[PDB]
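Next up: just one chain, as structure tokens, the form deposited in one PDB entry.
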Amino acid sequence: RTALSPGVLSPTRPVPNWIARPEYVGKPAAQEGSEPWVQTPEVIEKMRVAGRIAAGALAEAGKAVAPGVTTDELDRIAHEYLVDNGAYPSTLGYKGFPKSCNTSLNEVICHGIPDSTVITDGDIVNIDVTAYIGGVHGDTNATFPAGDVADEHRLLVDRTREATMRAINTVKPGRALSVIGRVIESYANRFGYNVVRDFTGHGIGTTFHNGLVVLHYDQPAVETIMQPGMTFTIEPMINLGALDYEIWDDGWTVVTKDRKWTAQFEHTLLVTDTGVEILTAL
């Protein structure tokens, strides 16, 4: 099975005009990066709504992952679920991104662009969807097998899922943020995988990437302590091969240099008064 190349982009999908757009839509940058890391009770409840909807869109699009389907079709399906539930797709017009979700096959680390690419037997596809509703964002992603996936690739996918859920389960107030990436990287290294460093999780709230960074590798120099009401993503990308990558000409698509496959899962988490709540739970 060949290295991927860019397919054909379908036209911008419409969203009904009553759905409120994030302020960044139709601008080259977003106003984000300095928002509070701890959210209000109002915003947390609104984030449960957004997370639930993002979780729905993801599962719907996931269900359509099958050999013969296009990445564009996955986007159509996610786009339609969001719109039907009153949500704007946060990726659409975010720093000029042209679609409603990210579709990342095989050697694509992240930020793949839904297009005419046809999914083949044995492929793995990450779908990353974000919902904007009630002035807040909800962000979740999962890698889905298509047809008869090779053992090597099923194990990667399952272990990436596990690393994510383990990291989630360390989330509690008063614990160091750096714990997340120590857990993830020690789990990945146990099976000889390498954790992507240059792409991270992020705080999320009224803004999509609010300035908080969540590293998926061991980096104990981070002093940040988790606090009740904090909201952020854990979204590790785990590589079978080396870390080196290229970015396609489209300015988004990140591909491993050795072309070995890579996988990712993501949830949006709340730090509660005593632990964690998964806001993007199905």
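In case it trips you up, residue 1 is the first one in the sequence shown, and so on.
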112-120 or 137-145, whichever carries the higher mean Cα B-factor: 112-120
Higher-scoring stretch by recorded Cα B factor average, 207-215 or 147-155: 147-155
Member of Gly181, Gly96, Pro89, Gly201 with the greatest C-alpha B factor (per the PDB record): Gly96
Selection from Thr164, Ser100, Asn126, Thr170 [criterion: highest C-alpha temperature factor in the record]: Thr170
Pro220 by Cα B-factor - lowest, middle or highest third of the modelled chain: highest
CA B-factor ranking of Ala131, expressed as a third of its chain: lowest
Among modelled residues of the same chain, the CA temperature factor third for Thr231: lowest
Chain thirds of CA B-factor: placement of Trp18: highest
CA B-factor ranking of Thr12, expressed as a third of its chain: highest
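Although not depicted, the form solved in complex with a small molecule is the subject of the following passage.
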Site test, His202, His209 and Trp252 vs the small molecule in the deposited complex, non-hydrogen atom cutoff 4.5 Å: yes
Residue contact check: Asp139 to the small molecule in the deposited complex, 4.5 Å heavy atom: yes
Contact label in the deposited complex: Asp115 to the small molecule, heavy atom within 4.5 Å: no
Contact flag, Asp128 vs the small molecule in the deposited complex, heavy atom cut 4.5 Å: yes
Non-hydrogen atom contact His79 with the small molecule in the deposited complex at 4.5 angstroms: no
Candidate stretches 142-150, 155-163, 87-95, 177-185, one within 4.5 Å of the small molecule in the deposited complex by heavy atom: 87-95
